[PDB]
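**Student:** The structure follows.
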Amino acid sequence: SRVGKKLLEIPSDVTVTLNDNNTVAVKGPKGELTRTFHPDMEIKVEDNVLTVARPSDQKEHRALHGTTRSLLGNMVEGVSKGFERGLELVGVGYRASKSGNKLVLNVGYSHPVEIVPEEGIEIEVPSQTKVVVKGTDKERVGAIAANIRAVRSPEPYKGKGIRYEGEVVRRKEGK
Amino acid sequence: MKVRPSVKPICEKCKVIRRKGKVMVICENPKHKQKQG
Amino acid sequence: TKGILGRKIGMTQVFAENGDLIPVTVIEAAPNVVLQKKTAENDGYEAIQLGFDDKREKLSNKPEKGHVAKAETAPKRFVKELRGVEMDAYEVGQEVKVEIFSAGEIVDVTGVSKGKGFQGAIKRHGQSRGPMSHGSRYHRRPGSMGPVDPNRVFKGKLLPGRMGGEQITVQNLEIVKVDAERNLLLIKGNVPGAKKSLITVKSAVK
Amino acid sequence: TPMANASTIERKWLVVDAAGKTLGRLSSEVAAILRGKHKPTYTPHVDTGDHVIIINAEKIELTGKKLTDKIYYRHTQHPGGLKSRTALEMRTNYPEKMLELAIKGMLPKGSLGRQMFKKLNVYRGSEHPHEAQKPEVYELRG
RNA sequence: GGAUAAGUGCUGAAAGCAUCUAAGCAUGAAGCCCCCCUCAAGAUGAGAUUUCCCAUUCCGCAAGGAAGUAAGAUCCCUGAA
RNA sequence: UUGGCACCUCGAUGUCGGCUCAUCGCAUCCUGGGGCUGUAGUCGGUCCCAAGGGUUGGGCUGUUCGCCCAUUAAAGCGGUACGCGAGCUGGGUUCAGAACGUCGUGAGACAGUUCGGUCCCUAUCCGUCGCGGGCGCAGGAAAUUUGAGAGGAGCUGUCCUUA
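Protein chains in written order, with the authors' numbering: chain I, 2 to 176; chain j, 1 to 37; chain F, 2 to 207; chain N, 4 to 145.
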């Protein structure tokens with residue numbers, strides 16, 4: 002029962018590089034990534050497989066040892082497969098569209114709403130309602146998704162507004 | 001929120017945690033949501 | 002950013018394609034001239050000077066004469082300095098005029114208020130007076146000076162003094178008319194200062 | 004009946020970098036030498052100290068959550084004229100003055116304290132205009 | 001505009017899950033610093049820029065002093081915005 | 001707050017209320033931002049962060065307080081010698097007069113009432129607001145300026161559209 006103790010294979014179409022002490026850089030079909038890590042940690046890529054180690058056993062080193070592996074797994078999974086998040090939305094006049102790369106939302110306001118994925122992330126609008134964010138970093142993807150969801154967060158009485166596809170909305174009884 | 005020094009869990013699904021050195025309580029039931037202060 | 006400076010004359014009324022009056026202020030800005038063109042490399046900021054007069058040599062002095070003789074103009078009486086404008090546009094010896102502006106541009110104007118003299122708390126600071134009857138021996142006076150505990154008087158307590166003579170700006174005015182042949186501006190409303198006094202006009206700091 | 008110096012002084016010029024240093028433990032030495040306690044020819048009333056230069060003031064360090072929680076208060080002589088500046092924004096905008104504050108605080112008070120403060124000359128970065136004085140480096144004992 | 005409060009969160013382990021948090025990222029107030037207005041180099045840390053004047057005479061070993069001046073300013077006078 | 005103790009003050013620390021003048025705290029009345037809701041909406045309740053600014057005019061009463069009328073976004077709670085009388089008033093308390101009730105044999109007395117009843121002071125120092133002079137700022141001068149730093153300002157409704 003431990004995370005960082007484990008190991009992360011590196012299937013193919015991937016190249017890891019310790020550019021320096023800790024500033025890892027990864028590449029592959031979807032693109033590339035970089036991260037700087039805590040230097041007390043120890044990283045060693047073997048043939049096709051990555052290993053991580055900590056010097057010691059403290060509340061700090063343990064946590065870092067777990068986070069580094071989980072984060073690197075996220076990195077390689079993004080560079081291979083990419084990360085994706087769906088978003089539904091529920092209303093009557095609630096819908097979406099795009100202005101080129103941008104996103105556009107006609108939900109509930111006197112005005113529409115505009116969103117800009119500036120950072121090498123793309124957005125897809127297969128339907129008027131459903132939306133997809135698609136990129137390489139879970140961090141940025143979830144960030145953008147929450148930026149969207151904050152626009153018209155749902156309501157409990159009538160489940161409205163933006164809504165993660167796997168969301169369990171709380172409900173009320175409109176008196 | 002329910003700000004109070006006597007912070008506890010209420011139901012079994014209530015989950016105490018610590019955050020920014022403060023004590024807090026989590027649950028899907030927002031009325032069970034608590035904090036010290 | 003833009004700006005000019007001239008002299009106030011007076012006030013009057015003007016119509017606007019209607020019966021709609023306009024209380025107008027009248028300014029003459031004989032063509033101002035550049036004198037110096039400052040830089041961040043030597044002066045630490047970008048800015049220019051502007052002169053507005055044509056003095057007598059009996060009134061001017063040698064250093065002024067040199068400082069202007071960089072340009073091909075005469076000594077000046079009202080010299081001031083504009084900031085935060087386009088610099089490549091301007092040059093030295095370059096005259097600037099009223100046809101900069103137009104009849105709808107908004108403005109922030111600046112001048113020196115009138116001198117009211119050593120006046121009291123009411124006229125200076127808008128305080129209320131005491132009653133003039135019911136046995137009162139108190140009126141036209143500033144008020145208490147404060148409480149007892151600190152054994153002193155706080156700063157900022159307001160009191161008589163030489164009211165006036167302050168550098169004042171007025172924002173978001175509107176130009177009404179121009180007469181470049183007479184070198185005149187006609188501005189919607191009223192400005193600080195007395196007649197014959199300096200007035201620096203500027204593109205409004207929106 | 005020992006000596007008590009007067010106009011028999013040779014004030015050198017020292018230089019100090021602050022790339023990773025704690026300002027308190029640094030200042031507690033620079034002030035000592037500004038006062039001249041690093042000399043045998045010390046007297047309390049003559050300012051036997053030695054001139055000091057500090058570089059890379061921005062690049063000082065601190066312990067704990069001081070950058071967020073250490074507060075330099077400063078009051079005018081107006082009511083509610085209290086003002087506050089965190090060590091962080093002091094470091095960014097102007098670390099010269101926060102170094103000066105610390106050192107001034109741990110200097111003596113009076114005309115002599117002020118005059119030995121006047122020897123100090125703090126500079127952001129690594130520029131050091133005072134080449135002409137032919138200074139030298141001073142590593143810190145601490 | 002910038003940084004923040006409460007709050008919201010993303011990613012994420014310690015604690016194979018969960019977790020707004022310890023690492024790391026972002027939001028977020030009539031509030032804080034700015035933007036706006038005024039004063040401000042006695043800021044004895046006395047700043048900067050432009051332009052003007054010239055480097056005279058007497059003593060005094062020198063130190064330094066006075067004694068006429070330049071640029072310029074004032075006394076005095078007419079007056080008030 | 002009502003109080004307890006008697007520590008400074010009886011070679012005098014003027015005491016309620018009101019006027020003018022403000023100032024500080026925040027346990028926030030409004031405005032701002034949020035959580036929860038037995039929050040459908042509109043309005044709300046409660047809690048959290050926030051003290052920047054603002055926070056009415058009248059009748060009765062000496063009054064504070066309070067009740068009432070009409071408004072307001074709101075009509076905040078408190079401290080500053082229950083702020084401020086060498087700044088004002090002096091209606092009340094609290095001198096001497098007189099009177100009612102009551103008590104007292106009586107002289108007289110009553111946090112019982114009523115009528116009427118002298119509020120002094122040329123500001124030395126600090127402090128505050130304004131104004132000048134002198135010197136300094138490694139020569140002497142005229143101008144323009146930088147900006148450390150300081151102060152000011154900083155509130156809010158109603159209507160139309162969205163609908």
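Just so you know, even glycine gets a beta-carbon here, dropped at the ideal spot from N, CA and C.
#1: Against chain N, which members of the stretch 151-163 of chain F pass a CB distance test of less than 9 angstroms?
#2: Would you identify the three-state DSSP class for residue 153 of chain F, choosing helix, strand or coil?
#3: Classify residue 30 of chain N as buried or exposed, calling it buried when 16 or more other Cβ atoms lie within 10 Å of its own Cβ.
#4: Inspect the CB distances between the stretch 143-160 of chain F and the stretch 179-195 of chain F and report whether three or more fall short of 8 angstroms.
#5: If you measure beta-carbon to beta-carbon, which residues of the stretch 80-114 of chain N are closer than 7 angstroms to chain F?
#6: What are the uninterrupted segments assigned as alpha helix (DSSP H) that are 4 or more residues long and contained completely in the stretch 5-73 of chain N, given in chain order?
#7: I'd like to check one pair, residue 113 of chain I with residue 106 of chain I: are the Cβ atoms closer than 8 angstroms?
#8: Measure from the alpha carbon of residue 3 of chain I to the alpha carbon of each residue in I:63, I:127 and I:81, then state which is nearest.
#9: Looking at C-alpha atoms only, which residue of j:1, j:28, j:35 and j:4 is the closest neighbour of residue 20 of chain j?
#10: Can you tell which of F:108, F:206, F:85 and F:33 has the C-alpha that lies nearest to the C-alpha of residue 191 of chain F?
#11: Can you have a look at residue 118 of chain F and say buried or exposed, based on whether 16 or more other CB atoms are within 10 angstroms of its CB?
#12: Counting Cβ pairs closer than 8 angstroms, one from the stretch 24-31 of chain I and one from the stretch 71-85 of chain I, do we hit at least three?
#13: How far does the alpha helix (DSSP H) with residue 146 of chain N in it reach, from first residue to last?
#14: Distance, Cα to Cα, residue 160 of chain I vs residue 172 of chain I?
#15: Round the Cβ separation of residue 5 of chain I and residue 70 of chain I to the nearest angstrom and send it over; I've been treating them as touching at under 8 angstroms.
#16: With H, G and I counted as helix, E and B as strand and the rest as coil, what does DSSP make of residue 35 of chain j?
#17: List the whole-angstrom C-beta distance separating residue 34 of chain F from residue 187 of chain F, where the pair is believed to meet the contact cut-off of C-beta under 8 angstroms.
#18: Excluding the five sequence neighbours on either side, which residues of its own chain have a C-beta within less than 7 angstroms of the C-beta of residue 166 of chain F, listed in chain order?
#19: Any chance the stretch 52-63 of chain N sits against the stretch 117-128 of chain N, with 3 or more Cβ pairs inside 8 angstroms?
#20: Taking only three categories from DSSP, how would you classify residue 179 of chain I?
#21: Pull up the DSSP beta-bridge partners for residue 162 of chain F, would you.
#22: State buried or exposed for residue 111 of chain F, treating a residue as buried only when at least 16 other CB atoms are found within 10 Å of its CB.
#23: Within this structure, are the beta carbons of residue 1 of chain j and residue 33 of chain j separated by less than 8 angstroms?
#24: Quick check: the Cα distance between residue 65 of chain F and residue 37 of chain F, rounded to an integer number of angstroms?
#25: Comparing alpha-carbon positions, which option in I:61, I:90 and I:52 lies nearest residue 41 of chain I?
#26: May I ask which residues mark the beginning and end of the beta strand (DSSP E) holding residue 19 of chain I?
#27: Alpha carbon to alpha carbon, what distance is there between residue 130 of chain I and residue 81 of chain I?
#28: Scan the stretch 107-134 of chain N and note each continuous beta strand (DSSP E) run of 3 residues or more that stays entirely inside, going in chain order.
#29: Taking the beta strand (DSSP E) that residue 24 of chain F falls in, what are its first and last residues?
#30: Whole angstroms are fine: how far does the CA of residue 175 of chain F sit from the CA of residue 118 of chain N?
#31: According to DSSP, is residue 106 of chain I part of a helix, a strand, or is it coil?
#32: Assuming the contact rule is C-beta atoms closer than 8 angstroms, residue 141 of chain N and residue 17 of chain N should be a hit. Round their C-beta distance to whole Å, please.
#33: What three-state label does DSSP hand residue 153 of chain I in the structure shown?
**Tutor:** Taking the geometry as given:
#1: 155, 156 and 157
#2: coil
#3: buried
#4: no
#5: For the stretch 80-114 of chain N, the beta-carbon criterion of a distance under 7 angstroms to any beta-carbon of chain F is satisfied by 80, 81 and 82.
#6: 26-38 and 69-72
#7: yes
#8: It is I:63 whose Cα lies nearest to the Cα of residue 3 of chain I.
#9: If we check each option's Cα against that of residue 20 of chain j, j:35 comes out closest.
#10: F:108
#11: exposed
#12: yes
#13: For chain N, the structure presents residues 4 to 145; residue 146 of chain N sits outside this window and is missing.
#14: 8 angstroms
#15: 5 angstroms
#16: strand
#17: Actually they do not touch by this definition, with Cβ atoms about 23 angstroms apart.
#18: 113, 114 and 116
#19: yes
#20: Since the displayed chain I opens at 2 and closes at 176, residue 179 of chain I lies outside it and no answer follows.
#21: F:120
#22: buried
#23: If you check the CB distance, residue 1 of chain j and residue 33 of chain j come in under 8 angstroms.
#24: 12 angstroms
#25: For the residues I:61, I:90 and I:52, the minimum Cα distance to residue 41 of chain I belongs to I:61.
#26: Counting along the chain, the beta strand (DSSP E) containing residue 19 of chain I begins and ends at 16-19.
#27: 28 angstroms
#28: 123-125
#29: Start and end: 24-29.
#30: Note on geometry: alpha-carbon atoms of residue 118 of chain N and residue 175 of chain F lie some 56 angstroms from one another.
#31: strand
#32: With a Cβ gap of about 4 angstroms, residue 141 of chain N and residue 17 of chain N count as contacting.
#33: coil
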